[PDB]
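Structural overview for review
The residues making up each chain are set out below.
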Amino acid sequence: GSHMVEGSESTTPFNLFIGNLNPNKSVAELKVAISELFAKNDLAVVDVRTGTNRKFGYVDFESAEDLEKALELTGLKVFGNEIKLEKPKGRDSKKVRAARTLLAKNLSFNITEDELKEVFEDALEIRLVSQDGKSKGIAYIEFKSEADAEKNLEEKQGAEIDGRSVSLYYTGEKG
RNA sequence: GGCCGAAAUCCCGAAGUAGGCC
């Protein structure tokens, strides 16, 4: 579909983000499962997208009544994958935030975002990196900017905790 | 002239994008 509209960058006033789509299915299949469930729910999905690779995804409604039901619609099993839902975070092109972000490495099974939040008081967001279902030892951390994530990343780099030092791996192309 | 379709260590328009495949 090569059609665009005005207002800003959306097809409707009520939109939303979803997670857990289906990496073993199709994109239209993910949106159709949510479009069919809304047809039975009594909604009116105006549009739906995906979370690149069917990992997460998006949706769009035509009213505040579809957005409120769309909230309760977080119990959607996309082709057998209970998708998650919540306000959209459209800001950086997913791989764009990495520039102003840095992830910690060499962490442990006990450490956590809280501990990173205690060491990275300047970082605004953090994302623990495990093995898709099992603590791995890394933790992403985004700051107010590159110089911010860089000044803190270098300012700590190591943080003696859990009887172990946590390294910090930025997120760019040159690293 | 069709199609095919992965990644980006976590993470929520990456993308239905890149690269690739006939």
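What counts, and where the lines are drawn
- Residues numbered from 1 in each chain as written, not as in the entry; some residues may be left out.
- Chains lettered and ligands numbered in written order.
- Heavy atoms only, no water.
- Salt bridge = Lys/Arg side-chain N within 4 Å of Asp/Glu carboxyl O.
- Helix = DSSP H or I, 4+ residues; strand = E, 2+ residues; numbered from the N terminus.
- Pairing = 2+ DSSP bridges.
- Axes fitted to C-alpha atoms, helices over the stretch in contact; angles between N-to-C directions.
- Near = heavy atom within 4 Å.
- Polar contact = N/O pair within 3.5 Å; in protein donor to acceptor, adjacent residues only side chain to side chain.
- Buried < 20%, exposed > 50% of the residue type's maximum accessible area, 1.4 Å probe, protein only.
- Contact = heavy atoms within 4.5 Å.

As summarised from the PDB record, the model derives from solution NMR.

1. Re the pattern of salt bridges
Counted under the stated rule, the structure contains four salt bridges. The partner of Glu 154 in a salt bridge is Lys 151, and the shortest N-O contact between them spans 3.9 Å. Here the residue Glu 154 and the residue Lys 151 both occupy positions in helix 4 (residues 146-156), the gap between them amounting to three residues, near one helical turn.

2. Some thoughts on the sheet that holds strand 3 (residues 56-61)
Strand order in the open sheet made by the five strands is 2-3-1-5-4, with antiparallel pairing throughout. Every interior strand has two partners, whereas the edge strands, strand 2 (47-51) and strand 4 (76-78), have only one. Looking at each pair of strands side by side, their axes are set apart by 35° on average, direction ignored. The pairing of strand 2 with strand 3 spans five bridges and is antiparallel.

3. Let's talk about the protein's contact with RNA strand B
Residues in contact with RNA strand B amount to 26 residues; listed here are only the nearest, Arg 49, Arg 54, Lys 94, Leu 128 and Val 129. Sugar and phosphate atoms constitute 41% of the interface atoms of RNA strand B, taking the interface as everything within 4 Å of the protein. Within the side chain of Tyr 58, a nitrogen or oxygen atom sits 2.9 Å from a phosphate oxygen of RNA strand B. Within the backbone of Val 129, an N or O atom sits 3.4 Å from a sugar or linking oxygen of RNA strand B. Elements that contribute at least two residues to the surface near RNA strand B include exactly strand 2, strand 3, strand 5 (81-86), strand 6 (101-105), strand 7 (125-129) and strand 8 (138-142).

4. Focus: the environment of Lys 77
Examined against the element boundaries, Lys 77 turns out to sit in strand 4. Residue classification places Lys 77 among the exposed residues on the basis of a relative accessible area of 59%. Put simply, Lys 77 and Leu 103 are 26 residues apart on the chain and 31 Å apart in space, counted from C-alpha to C-alpha. If we ignore the near neighbours within four places in the chain, the residues touching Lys 77 are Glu 82 and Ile 83.

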